[PDB]
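The primary structure of each chain is shown beneath.
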Amino acid sequence: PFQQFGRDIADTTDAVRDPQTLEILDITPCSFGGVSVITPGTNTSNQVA
Amino acid sequence: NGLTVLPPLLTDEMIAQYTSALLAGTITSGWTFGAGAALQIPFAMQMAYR
Ligand SMILES: *[C@@H]1O[C@H](CO)[C@@H](O)[C@H](O)[C@H]1NC(C)=O
């Protein structure tokens, strides 16, 4: 009843109580990752994925 | 938190096919699949060899 937010194993906040209702929301971080370019040799084609 | 984990190139299912292949070569053909094509030999005679 008194708890306002929750944490993952290593410090990071992973859930919050909405202060107006009582709902508990999980937080997922922004989607992110490496852009990687898959290519034949430029000697044979210029199409890439 | 800016950290990313990348998958292995070979899945656990693909590794389990290679460990089945090495095992099925070893059972049916002794060491011969390490020298060339697998040559079948009866398993009692492969142990008689070993
Ligand atoms: C806050 O107000 C809303 C209506 O706007 C109400 O539905 C909600 O139960 C209230 N929560 C409390 C008691 O803080």
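Residues numbered from 1 in each chain as written, not as in the entry; some residues may be left out. Chains lettered and ligands numbered in written order. Part of a larger assembly, values for the part shown. Heavy atoms only, no water. Residues with missing side-chain atoms left out of burial classes, pairs and counts.

In the PDB archive, cryo-EM is given as the structure determination method for this entry, at a resolution of 3.25 Å.

Caption draft 1: Seen up close, the overall build of chain A. Looking only at helices and strands, one finds zero helices and three strands in chain A. Going from N to C terminus, chain A has its helices and strands arranged as β-β-β. Once the C-alpha set of chain A is aligned to its principal axes, its extents read approximately 65 × 25 × 10 Å. Sorting the 49 residues of chain A into buried and exposed places 4% on the buried side. Considering only contacts within chain A whose residues lie at least 6 apart along the sequence, 0% involve residues at least 24 apart. Put simply, chain A shows about 4,800 Å² of open surface, and 57% of that area lies on carbon and sulfur atoms. (Helix = DSSP H or I, 4+ residues; strand = E, 2+ residues; numbered from the N terminus. Buried < 20%, exposed > 50% of the residue type's maximum accessible area, 1.4 Å probe, protein only. Contact = heavy atoms within 4.5 Å. Areas by Shrake-Rupley, 256 points an atom, 1.4 Å probe, with all protein chains shown as cover.)

Caption draft 2: Spotlight on the pairing of strand 2 (residues 13-17) of chain A. All names here are of chain A. As judged from the three bridges shared by strand 1 (residues 5-7) and strand 2, these two strands associate in the antiparallel manner. For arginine 7, the partnering residue across the bridge sits in strand 2 and is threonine 13. Pairing of strand 2 with strand 3 (residues 24-26), which is carried by three bridges, proceeds in the antiparallel orientation. Counterpart to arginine 17 in the pairing with strand 3 is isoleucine 24. (Pairing = 2+ DSSP bridges.)

Caption draft 3: Seen up close, the environment of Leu10(B). Residues and elements named next belong to chain B. Following the sequence through the fold, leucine 10 ends up in the segment before helix 1 (12-29). The spacing of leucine 10 and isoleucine 27 is 17 residues in sequence and 24 Å in space, taken between C-alpha atoms. Not counting the four nearest positions on each side in its chain, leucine 10 is found in contact with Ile15 and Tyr18.

Caption draft 4: Representation of the side chain of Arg17(A) within the structure. Residue and element names in this part refer to chain A. Structurally, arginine 17 is set in strand 2. Within the buried set, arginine 17 has no salt-bridge partner at all; the shortest N-O distance to an opposite charge, 9.2 Å, is to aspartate 18. Separated by 2.9 Å, the side chain of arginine 17 and the backbone oxygen of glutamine 3 make a polar contact. Once you skip the residues sitting within four places of it in the chain, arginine 17 turns out to touch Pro1, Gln3, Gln4, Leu22, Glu23 and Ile24. (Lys, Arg positive; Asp, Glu negative; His and termini not counted. Salt bridge = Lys/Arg side-chain N within 4 Å of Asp/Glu carboxyl O. Polar contact = N/O pair within 3.5 Å; in protein donor to acceptor, adjacent residues only side chain to side chain.)

Caption draft 5: Fine view of the side chain of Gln46(B). With respect to the helices and strands, the residue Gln46(B) is situated in helix 3 (residues 43-49). Apart from residues no more than four positions distant in its own chain, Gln46(B) is found in contact with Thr26(B), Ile27(B), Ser29(B), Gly30(B) and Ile41(B).

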